[PDB]
Amino acid sequence: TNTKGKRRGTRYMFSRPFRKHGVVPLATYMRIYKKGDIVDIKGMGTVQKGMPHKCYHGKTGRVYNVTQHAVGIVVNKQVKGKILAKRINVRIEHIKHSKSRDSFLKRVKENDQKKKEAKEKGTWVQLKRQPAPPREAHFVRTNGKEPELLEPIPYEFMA
Amino acid sequence: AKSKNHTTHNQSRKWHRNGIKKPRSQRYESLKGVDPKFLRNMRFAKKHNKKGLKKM
Amino acid sequence: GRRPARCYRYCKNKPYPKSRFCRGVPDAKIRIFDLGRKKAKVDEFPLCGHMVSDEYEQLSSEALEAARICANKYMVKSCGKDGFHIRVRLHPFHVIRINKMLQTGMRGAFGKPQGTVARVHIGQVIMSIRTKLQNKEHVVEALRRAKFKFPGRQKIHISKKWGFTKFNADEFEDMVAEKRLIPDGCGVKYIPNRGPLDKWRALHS
Amino acid sequence: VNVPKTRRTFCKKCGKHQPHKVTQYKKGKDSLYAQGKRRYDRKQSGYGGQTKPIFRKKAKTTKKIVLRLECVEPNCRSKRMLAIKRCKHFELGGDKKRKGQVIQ
RNA sequence: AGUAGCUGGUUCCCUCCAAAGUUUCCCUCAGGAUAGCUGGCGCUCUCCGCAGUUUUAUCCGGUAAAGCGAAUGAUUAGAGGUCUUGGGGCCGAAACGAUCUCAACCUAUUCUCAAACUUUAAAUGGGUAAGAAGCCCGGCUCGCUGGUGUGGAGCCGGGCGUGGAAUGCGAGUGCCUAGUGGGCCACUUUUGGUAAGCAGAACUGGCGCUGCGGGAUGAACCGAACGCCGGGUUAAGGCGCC
RNA sequence: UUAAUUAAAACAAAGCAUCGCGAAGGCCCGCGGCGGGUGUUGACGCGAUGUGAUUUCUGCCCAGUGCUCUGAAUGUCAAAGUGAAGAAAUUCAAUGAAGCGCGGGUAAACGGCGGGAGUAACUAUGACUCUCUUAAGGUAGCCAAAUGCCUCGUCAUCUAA
RNA sequence: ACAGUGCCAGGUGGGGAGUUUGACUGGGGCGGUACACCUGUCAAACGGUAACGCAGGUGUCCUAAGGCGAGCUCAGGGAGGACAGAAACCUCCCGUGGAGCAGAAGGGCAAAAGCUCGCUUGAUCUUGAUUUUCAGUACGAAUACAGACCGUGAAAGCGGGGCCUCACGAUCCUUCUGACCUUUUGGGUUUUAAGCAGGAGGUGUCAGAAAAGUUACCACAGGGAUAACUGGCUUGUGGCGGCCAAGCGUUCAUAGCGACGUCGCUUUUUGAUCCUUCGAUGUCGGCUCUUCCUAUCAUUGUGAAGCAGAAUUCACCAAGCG
RNA sequence: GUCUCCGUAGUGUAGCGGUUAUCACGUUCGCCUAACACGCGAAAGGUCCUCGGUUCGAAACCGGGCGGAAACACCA
RNA sequence: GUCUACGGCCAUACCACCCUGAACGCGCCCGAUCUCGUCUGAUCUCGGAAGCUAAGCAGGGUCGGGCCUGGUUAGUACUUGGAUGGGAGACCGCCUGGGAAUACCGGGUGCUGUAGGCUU
Ligand SMILES: [Mg+2]
Ligand SMILES: [Mg+2]
Ligand SMILES: [Mg+2]
Ligand SMILES: [Mg+2]
Ligand SMILES: [Mg+2]
Ligand SMILES: [Mg+2]
Ligand SMILES: [Mg+2]
Ligand SMILES: [Mg+2]
Ligand SMILES: [Mg+2]
Ligand SMILES: [Mg+2]
Ligand SMILES: [Mg+2]
Ligand SMILES: [Mg+2]
Ligand SMILES: [Mg+2]
Ligand SMILES: [Mg+2]
Ligand SMILES: [Mg+2]
Ligand SMILES: [Mg+2]
Ligand SMILES: [Mg+2]
Ligand SMILES: [Mg+2]
Ligand SMILES: [Mg+2]
Ligand SMILES: [Mg+2]
Ligand SMILES: [Mg+2]
Ligand SMILES: [Mg+2]
Ligand SMILES: [Mg+2]
Ligand SMILES: [Mg+2]
Ligand SMILES: [Mg+2]
Ligand SMILES: [Mg+2]
Ligand SMILES: [Mg+2]
Ligand SMILES: [Mg+2]
Ligand SMILES: [Mg+2]
Ligand SMILES: [Mg+2]
Ligand SMILES: [Mg+2]
Ligand SMILES: [Mg+2]
Ligand SMILES: [Mg+2]
Ligand SMILES: [Mg+2]
Ligand SMILES: [Mg+2]
Ligand SMILES: [Mg+2]
Ligand SMILES: [Mg+2]
Ligand SMILES: [Mg+2]
Ligand SMILES: [Mg+2]
Ligand SMILES: [Mg+2]
Ligand SMILES: [Mg+2]
Ligand SMILES: [Mg+2]
Ligand SMILES: [Mg+2]
Ligand SMILES: [Mg+2]
Ligand SMILES: [Mg+2]
Ligand SMILES: [Mg+2]
Ligand SMILES: [Mg+2]
Ligand SMILES: [Zn+2]
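Residues numbered from 1 in each chain as written, not as in the entry; some residues may be left out. Chains lettered and ligands numbered in written order. Part of a larger assembly, values for the part shown. Heavy atoms only, no water.

Looking at the entry header, you'll see cryo-EM listed as the method and 2.90061 Å as the resolution.

Rendered as structure tokens:
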């Protein structure tokens, strides 16, 4: 069997990337995290305090508490057949603002502006996204050239 | 006699019979675990809300 | 003494090198990988024939040692002790274990080291012989005999490279004329159009 | 493991940091009139032999050292127990380590 | 009528749903408790919510492969410098004087490698988001923070519905609960072993609990899952005769 | 002698040798007693063991474990009793029966009874020597024996083998 | 005035009584601890994942090796300097860490987490929340806060042990600490006792019985979950047979052999496993008797020899008969 | 094979983390004897089995090798 | 064009050598009374302004090493899902999708925020 040790199996997970050791850039501490934010957890081995447990590396959660150095995150953890909402305390070195919602937030604004710009114009615009449709018909110009004939090459034993 | 030791075989089949439900979400979340100092003031902010009722 | 090589013919286990976790490995049977005129310049032996493996398998250090002797003896007999240069291209790094019986049974059955084997792939070169061009038939016969010391299928293939170099034989000579290749003994050094111009001066002065 | 014979720690009576005398704690002798010892004697009296377990399979080779702190303020004289981790050798007020010295 | 975690038995029909041999604790290993799997009773709503799926964004990773003229470790061969050290000599009066020569050393090369190496780095995969609990305004409360009527949180009123990817589907919730807790097999991956119809794992699917067509025969293979029937057509397999 | 798978080399035996005891005793029975057996007995006896006729002999070891013997000279040592403190429960101290520790004896008590190296004028041996070593270091005898793994030991005899 | 008896107390007491005499486990025992923990790997790029799988560690150590601040920079190497050399001390230069950080390993660290000084006790007092194993219980360990008291620094800050991942222990009992504390039963005072809170004494089989053997005189309930035959899969070992041809055979590889290598067959060897049989399949050998195989010793018919004869050796069809 | 244990001058042997590696025998030198022997006075002589590691320092402590000696191998 | 103080990302910014630097700066530099600290005013601290870009620093250079980024390697290796495909096996091919990394070749060699200077 395996040991129940807290940091077992994190030889590569928590190590620093190649040629990125040493000082922690100070903009890691200048980020502003607010209640209700979405953050990606990524344990950093340089700071051994507030280190999220390995099961939370690479999971994204919601900030519910902010203290002097860490935040409280509500992050889903699956244990057998159930998913629990777990409240962890993680120092702000090990998290980073998620960009997932931005492409949504960027869309929310452009939609509301289009919905307001087209409304005053008495027209109709597309707001919902759509999956890529099958490409429509088109002509391909040969430009007075014959397509290159291709043939399979003979087998040659390159040993 | 020796016997089998461990297996998770057949387990994901049992987990999915009643579905792997995500946690229940309500629009109000409990204030359990939030900073005591911050919460002490939040109670004080709610306590005196009636003061500015007339201005509102 | 040792088990029939059919017991270890297949690459079943992960590579098991002689390291600090595997101690007590006996020395390999093959200790010499080059013989012939190792000191011949790159240009004396333009021909190179390979014995190529058709099978993914393990070759024992005994079969590598046996083939080396088999191939070498026929070359010396037909081209002279200074008319060729052989290079065995496989080193027996994977270690095979033995669970020696006479009783515990299958309890505590992890085995002690027994020997070493080289793990070869399909298309990988087992050994190579470079000599002069009028020894093309002798090279083919030297390698054809060595195949009988190995399990599985091999192919003898005459390379289009120049000797033991990585450059095509047909364009080797011109590259040497343009000083893109500088002989360094058994092989050549490649001169790119890079780095301090001073080197270019020394080559072209 | 060496501990000073004095330390400046929190006194609960004084409610502030105070100097303290540090000594090792020793179990006192067992009273014959503790209710559990009274109950034991009554149960062990008569026939039947032993009536409670007698522990044999000792495994620990050390004990947790308990320091008996005592406020030095004349009026307070409050005492407290303070446990440190296990150690095979414990001394109070040993010689302090010196650095850069020839080891004779 | 001693106890028995152990062996043997346990009596009518139909209808509906339908397992487990796994987690943790146990002087626990032929047994229990425990969660999971099951059934029953419902109830709260519905005619927004959800998903063993994709799509679009966004993170996580160190396996496959690859690398070793990149760090660690392992390893073959030549070549160029060499006095900065040693082995053989060798003129000697003898020295770092001369003469070589083979070693080590350094410099670019070169063959071959890693489950407990790595600069790189897949596929498959794991989180999250895809709106009304949102978006935007005006105001009030604070003992919290504060150059600042700052900051953050809370509360109040108000305006916005093209319900903001595809597909499919009604959901949620609460009590009581039995049996199980010996498993075994196959594709792929995989540890030990010479190997085993051997021992041990991952994923999924099976047999167990399951008939049926085919594989002559057969727990698992291939096809396909079953109310009692008629007609038609198929699957996998077949069409000398049986 | 194992009725009903073992008739024997097992048990017994005479012989031999240890042990306790002079009766308020030794050994033993019994819930109990002015109880009972030996005992209607008295050391040439009774009680407890071992070996096992005769013949010859019965070596060394008391460290271990047992048994036994001496004891206020003297460590520990219960109850009771003595003293002191205290309001008392209680606490403390002193004193110290056997038994243990201390010291002798005892093996026909249970039992035990070594290792290495050199060395004689051919070689082999090694009477002899040095060394480490335990409470003694297996003596007189006897042996591939019902006891010796190696082992179907080696030589001889018995056989054609 | 003791024997003695009655009742207490200490010793002795397998003469006798009751009881126990772990578990895992390629049968059990012996062996080991995979029984409580930690690192790397296995492990198939989230997490999880087994074997008596692999390589290792643990039951400690530290008044500083805890806390803060300041100043410095390490291993190794090059070149110099009296005695001085491979190695003492001084100097300059290069030096991404190739050192050090208690220990196993892995991660982390360069005006620091390392070395040296200075001041110190955040290793203190206190209520909750969280994380890890997980049943989302306990312990242990750990994480953010909050309330006090302090240390340190010029200060921002940092610190409620060790840079991180290990270093540990329920109920009952006992012992210590805390309060102008509660109770101590009709009331009061005082001893005592019991409570309430927090430490310690230990259960290592580490969620925690108080525990030696033998049975061949043996017993019962079971087990083919499990060993001792046969049989089955396997064939390492055993047996038998090919391929290559360095050599042997005076010469000559192959008449006859055949190294180094390598490919098979068989189940007349022994193993490995544990599928059938423990409400029983009678367990060695011999005797008897029949049959079958060929991997042929003889005999029939043949090929080849380093076959003159004779004798022998290799090979073929061959199991009729011995 | 599991487990325990041991290697120290030429021989047998000690070594209470800091020894001028202890003791006896042996060898060498000088005395004594006509000479030898005993005996008296002096001296040399340890690859501490080997590699590596912790340690300020290891013959010792800790693992891995090379030899060596023990106790176990039972129910069938 | 560019510097100084404080920065963000943290080599396109590093390392080696060479050339050039107007003005203001930043430095080198001169001293030790005071503050402060040393074996040593070398460093640290302090008071200065004679001299100099020699060095640091800045910009530029090198068929420069590194770094960054492309190409090639290559639709290759590997891989999801499929077959009563091949093969004694070892393995391999195809179908449906995804798709790397060296050697080799090219290009590039800091951007930028706040505050304050210099530069007709
Ligand atoms: Mg089970
Ligand atoms: Mg394997
Ligand atoms: Mg009593
Ligand atoms: Mg009955
Ligand atoms: Mg049971
Ligand atoms: Mg228990
Ligand atoms: Mg059963
Ligand atoms: Mg990994
Ligand atoms: Mg690989
Ligand atoms: Mg069961
Ligand atoms: Mg299996
Ligand atoms: Mg099985
Ligand atoms: Mg069943
Ligand atoms: Mg089913
Ligand atoms: Mg079916
Ligand atoms: Mg068939
Ligand atoms: Mg029909
Ligand atoms: Mg048919
Ligand atoms: Mg009878
Ligand atoms: Mg006797
Ligand atoms: Mg005695
Ligand atoms: Mg005896
Ligand atoms: Mg004897
Ligand atoms: Mg004798
Ligand atoms: Mg008794
Ligand atoms: Mg008894
Ligand atoms: Mg057992
Ligand atoms: Mg995975
Ligand atoms: Mg510092
Ligand atoms: Mg605080
Ligand atoms: Mg520290
Ligand atoms: Mg009264
Ligand atoms: Mg018996
Ligand atoms: Mg008997
Ligand atoms: Mg059998
Ligand atoms: Mg064989
Ligand atoms: Mg010959
Ligand atoms: Mg069975
Ligand atoms: Mg039967
Ligand atoms: Mg029968
Ligand atoms: Mg029968
Ligand atoms: Mg035949
Ligand atoms: Mg100027
Ligand atoms: Mg100065
Ligand atoms: Mg200049
Ligand atoms: Mg360049
Ligand atoms: Mg710039
Ligand atoms: Zn006090």
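Undergrad: So what about the overall build of chain B? Which residues, and what values?
TA: Summing up its helical and strand segments, chain B has two helices and zero strands in all. Against the globule reference of 10 Å for 56 residues, chain B gives a C-alpha radius of gyration of 25 Å, more extended than a compact globule. Seen through its principal axes, chain B has C-alpha atoms that stretch 80 × 25 × 10 Å. Carbon and sulfur atoms provide 51% of the accessible area of chain B, an area that totals close to 6300 Å². (Helix = DSSP H or I, 4+ residues; strand = E, 2+ residues; numbered from the N terminus. Rg over C-alpha atoms; globule rule 2.2 N^0.38 Å. Areas by Shrake-Rupley, 256 points an atom, 1.4 Å probe, with all protein chains shown as cover.)

Undergrad: Account for the interface of chain B and chain A, with residues named and values stated.
TA: Between chain B and chain A, the contact holds twelve residues from the first and twelve residues from the second. Taken over both partners, the interface formed by chain B and chain A buries close to 930 Å², and the fraction arising from carbon and sulfur atoms is 54%. On the chain B side of the contact with chain A, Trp 15, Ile 20 and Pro 23 of chain B bury the most area, a combined 44% of that side's loss. Our count for the chain B to chain A interface comes out at two salt bridges. Notably, a salt bridge pairs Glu 29 of chain B with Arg 87 of chain A, separated by 3.6 Å at the nearest N-O pair. Inspection of the chain B/chain A interface yields one residue pair in polar contact. (Contact = heavy atoms within 4.5 Å. Buried area = accessible area lost by both parts, 1.4 Å probe. Salt bridge = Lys/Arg side-chain N within 4 Å of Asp/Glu carboxyl O. Polar contact = N/O pair within 3.5 Å; in protein donor to acceptor, adjacent residues only side chain to side chain.)

Undergrad: So what about the sheet that holds strand β4 (residues 84-88) of chain C? Which residues, and what values?
TA: Residue and element names in this part refer to chain C. Pairing in this open sheet of five strands is antiparallel, and the strands run β1-β4-β7-β2-β8 from one edge to the other. Looking at the sheet topology across the chains shown, the edges are occupied by β1 (34-36) and β8 (154-158). Each adjacent strand pair in this sheet contributes to an overall mean axis angle of 15 degrees, direction not counted. When β1 meets β4, the two strands line up antiparallel, connected through three bridges. (Pairing = 2+ DSSP bridges. Axes fitted to C-alpha atoms, helices over the stretch in contact; angles between N-to-C directions.)

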